[PDB]
Amino acid sequence: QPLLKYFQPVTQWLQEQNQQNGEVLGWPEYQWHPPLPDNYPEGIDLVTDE
Amino acid sequence: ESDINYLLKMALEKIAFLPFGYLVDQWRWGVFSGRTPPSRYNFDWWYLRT
Ligand SMILES: *[C@@H]1O[C@H](CO)[C@@H](O[C@@H]2O[C@H](CO)[C@@H](O)[C@H](O)[C@H]2NC(C)=O)[C@H](O)[C@H]1NC(C)=O
């Protein structure tokens, strides 16, 4: 309870932002795994930063 | 040879079931005690199955 009381403003802001963005709390689809990048073992030194 | 045939016939239903029975009640114990909230029914079910 003291931990949740300390983080009350940030958690209120986070709840409001998540509700506005319409996100689902938690992670259903627990089986999902990200796909391997194309030519992964040899294409690592490529800049992809915006 | 006939004895091995009969014993493998019997072990397909009396040994393949032993993981299932323990699995079923173990899952339900977790659900009742609160260690598997309604957001983790399938996650824990398939963890026990595998
Ligand atoms: C859980 O997975 C099921 C099965 O893949 C999902 O149902 C499919 O969802 C996609 C994405 O909207 C649809 O294109 C399919 O038509 C759906 N199939 C059926 C049979 O309904 C479901 O959306 C997933 N649920 C969650 C909460 O992630």
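- This entry, as listed in the PDB, derives from cryo-EM and reports a resolution of 3.05 Å.

1. Let's talk about the overall build of chain B
- On a plain count of helices and strands, chain B comes out with three helices and zero strands.
- Listing every helix and strand of chain B by position from the N terminus yields α-α-α.
- The C-alpha radius of gyration of chain B comes to 16 Å, more than 25% above the 10 Å expected for a compact globule of 50 residues.
- Principal-axis analysis of the C-alpha atoms gives chain B an extent of 50 × 15 × 10 Å.
- Sorting the 50 residues of chain B into buried and exposed places 16% on the buried side.
- Of the roughly 4600 Å² of accessible surface on chain B, a fraction of 62% belongs to carbon and sulfur atoms.

2. Here's the deal with the environment of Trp45(B)
All names here are of chain B.
- Here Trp45 lies in helix 3 (residues 41-49).
- Linking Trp45 and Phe20, residues 25 residues apart in sequence, is a C-alpha distance of 11 Å.
- Excluding anything up to four places from it in sequence, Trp45 contacts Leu23 and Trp27.

3. Some thoughts on the side chain of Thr36(B)
Residue and element names in this part refer to chain B.
- With respect to the element layout, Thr36 can be found in the loop between helix 2 (18-33) and helix 3.
- Here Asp44 takes part through its side chain, which lies 2.8 Å from a polar atom of the side chain of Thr36.
- Once residues lying within four places of it in the same chain are set aside, the contact partners of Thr36 are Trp27, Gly30, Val31, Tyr41 and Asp44.

Conventions and cut-offs
Residues numbered from 1 in each chain as written, not as in the entry; some residues may be left out. Chains lettered and ligands numbered in written order. Part of a larger assembly, values for the part shown. Heavy atoms only, no water. Helix = DSSP H or I, 4+ residues; strand = E, 2+ residues; numbered from the N terminus. Rg over C-alpha atoms; globule rule 2.2 N^0.38 Å. Buried < 20%, exposed > 50% of the residue type's maximum accessible area, 1.4 Å probe, protein only. Areas by Shrake-Rupley, 256 points an atom, 1.4 Å probe, with all protein chains shown as cover. Contact = heavy atoms within 4.5 Å. Polar contact = N/O pair within 3.5 Å; in protein donor to acceptor, adjacent residues only side chain to side chain.

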